[PDB]
Peer 1: 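Submitted below is the structure of interest, expressed as structure tokens.
The figures here come from the full heavy-atom set of this structure, side chains too, leaving out hydrogens, waters and symmetry mates. Position 1 is the first residue of the sequence, and the numbers go up from there. Just follow the structure's listing: the first ligand is 1, and inside any ligand the first atom is 1.
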Amino acid sequence: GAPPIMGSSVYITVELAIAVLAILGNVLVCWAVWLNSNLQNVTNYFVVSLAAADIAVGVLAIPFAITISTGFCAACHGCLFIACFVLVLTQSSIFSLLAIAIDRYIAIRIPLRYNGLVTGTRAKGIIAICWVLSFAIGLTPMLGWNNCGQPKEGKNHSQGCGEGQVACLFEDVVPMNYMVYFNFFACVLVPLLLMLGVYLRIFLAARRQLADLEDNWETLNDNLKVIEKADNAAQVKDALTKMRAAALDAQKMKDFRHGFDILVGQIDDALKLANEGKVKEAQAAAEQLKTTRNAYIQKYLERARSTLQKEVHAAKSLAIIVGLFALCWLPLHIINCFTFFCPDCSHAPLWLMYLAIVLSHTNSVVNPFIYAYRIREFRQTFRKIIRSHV
Ligand SMILES: CC(C)CCC[C@@H](C)[C@H]1CC[C@H]2[C@@H]3CC=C4C[C@@H](O)CC[C@]4(C)[C@H]3CC[C@]12C
Ligand SMILES: CC(C)CCC[C@@H](C)[C@H]1CC[C@H]2[C@@H]3CC=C4C[C@@H](O)CC[C@]4(C)[C@H]3CC[C@]12C
Ligand SMILES: CC(C)CCC[C@@H](C)[C@H]1CC[C@H]2[C@@H]3CC=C4C[C@@H](O)CC[C@]4(C)[C@H]3CC[C@]12C
Ligand SMILES: Nc1nc(NCCc2ccc(O)cc2)nc2nc(-c3ccco3)nn12
Ligand SMILES: CCCCCCCC/C=C\CCCCCCCC(=O)O
Ligand code: NA
């Protein structure tokens, strides 16, 4: 077998390349949110916490990963910290990603209550709490769920380690049942399936809300046709009742309210004439709704449709971030599953183990590119920062 330093040099060089890109890209994200008030919303406070976790991957986790690949002799609980710290940052990333999904779900389901419910203060408290929990979850092996009590005495003696020391290798100190059941199934897989369900509900809400907008609009126009060719006052009354309900329903901002005030007032005018049996005069009054429809109602329809389409597109951009997180981390989890569940299968080869580790670290590079390609407000802030400075 080739000298280990050769393959190790490749892995270390690649890790350092990734640490540099993770730092720069996510420093740039944080710098953008700090400078641009348009980016200073509650959603982006989770984006920032997520960016800080990825900066920490380059500053600390990658240097730790480089250290543990050497198998150096170390006290077992110090080895555990080196080995498990990255699990803290990944758990924090899960919480930030989940809060973002719930944040956007709240914004599309109850937008009028959003600013009263989701505030910057409460977001900070949630973020602080999630970091605490991430340390508890990620460092759970440091509380006794480890293999420090069953050291590899063959490795420790050949490595020449001292009293209470072990050859510091990830799979010799971290239990695989912890990695599969606790970390993967419970703390990663379950939150990802929840995020999937949240985003599905976000898209269902938008689809259902866009459909109501268009259904109310068609109800308005169809009933105008009904009124125009109606043959008696009663056919006009029934047509006008179905419009008044749609008018009040669509009403549930200065020029918006004034438009529906005009609309409802004209319907009531036509309704009163129709109750008095004045057919032609009711039809002529109902015909004046077209003015209001073209001047006010069409502009509100188009503006409400545009907001909803923006929320769909934004939700897609954030879902892509969740999907790249899964793409980058699942191979490592899936390999552990094979290692744990198939003791009769050969262990995955070393070159694959480190490709899977490298892939997981690349996730801390991608998020700033998604923002730059998919979020105009980030892309524009990135340009101004770059060309004003570098
Ligand atoms: C706040 C940031 C900048 C500082 C990070 C401190 C890091 C580098 C420190 C904190 C605790 C330290 C570990 C504590 C215990 C041991 C056991 C010892 O037998 C080998 C070194 C090792 C594994 C240390 C390595 C370096 C270490 C991980
Ligand atoms: C999210 C996507 C990319 C999932 C990718 C699936 C990857 C991780 C899967 C697909 C095929 C899998 C390999 C199939 C066969 C073996 C032989 C066994 O003795 C050890 C595990 C090993 C080497 C598997 C490791 C994990 C593996 C490489
Ligand atoms: C992320 C979604 C797709 C579900 C998670 C995929 C994981 C849990 C699935 C996909 C493929 C599955 C593996 C397929 C084959 C084997 C070999 C068997 O001898 C032990 C179980 C094991 C190792 C499975 C464990 C669970 C597994 C890794
Ligand atoms: N299984 C595993 N191994 C390692 N490193 C050690 C790789 C290795 C595996 C076997 C061997 O004989 C020598 C080295 N880091 C690892 N990190 C993770 C991880 C992080 C998140 C989910 O899994 N799993 N994982
Ligand atoms: C911006 C923060 C940068 C932090 C410093 C980065 C340079 C350190 C990176 C890797 C050093 C790895 C230390 C080698 C482990 C010791 C090997 C051994 O004891 O056998
Ligand atoms: Na991350």
Peer 1: State whether the SG distance for the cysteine pair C79/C76 is less than 2.5 Å.
Peer 2: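 No, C79 does not link to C76 through a disulfide.
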
Peer 1: Please determine whether residues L169 and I68 belong to a single hydrophobic cluster, defined as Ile, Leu, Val, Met, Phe, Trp and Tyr linked transitively by side-chain heavy-atom distances below 4.5 Å.
Peer 2: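 Unlinked, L169 and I68 end up in two clusters.
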
Peer 1: Any side-chain heavy atom of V312 within less than 4.5 Å of one from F203?
Peer 2: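 Yes, side chains in contact.
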
Peer 1: What do we get for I82 next to ligand 1 when only non-hydrogen atoms under 4.0 Å count, side chain, backbone, both or neither?
Peer 2: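 Just the side chain.
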
Peer 1: If two hydrophobic side chains count as joined below 4.5 Å and joins carry through other members, does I386 share a cluster with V29?
Peer 2: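 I386 and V29: one cluster.
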
Peer 1: With sequence neighbours excluded, give me every ring-ring contact (aromatic ring centres under 6.0 Å, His included) pair touching residues 22-41.
Peer 2: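 Qualifying pairs, neighbours excluded: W31-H389.
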
Peer 1: Between ligand 2 and the protein, find all N/O pairs closer than 3.5 Å and give the distance for each.
Peer 2:
from     : atom 1 : to   : atom 2 : distance (Å)
ligand 2 : 19 (O) : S346 : N      : 3.3
ligand 2 : 19 (O) : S346 : O      : 2.6

Peer 1: Any nitrogen or oxygen of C73, side chain or backbone, less than 3.5 Å from one on ligand 1?
Peer 2: no

Peer 1: Do the side chains of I129 and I102 join up, straight or via other hydrophobic residues, at under 4.5 Å, putting them in one cluster?
Peer 2: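 Yes, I129 connects to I102 through the hydrophobic network.
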
Peer 1: Taking the six-membered ring for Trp, are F378 and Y371 parallel (under 30°), tilted (30 to 60°) or perpendicular (over 60°)?
Peer 2: parallel

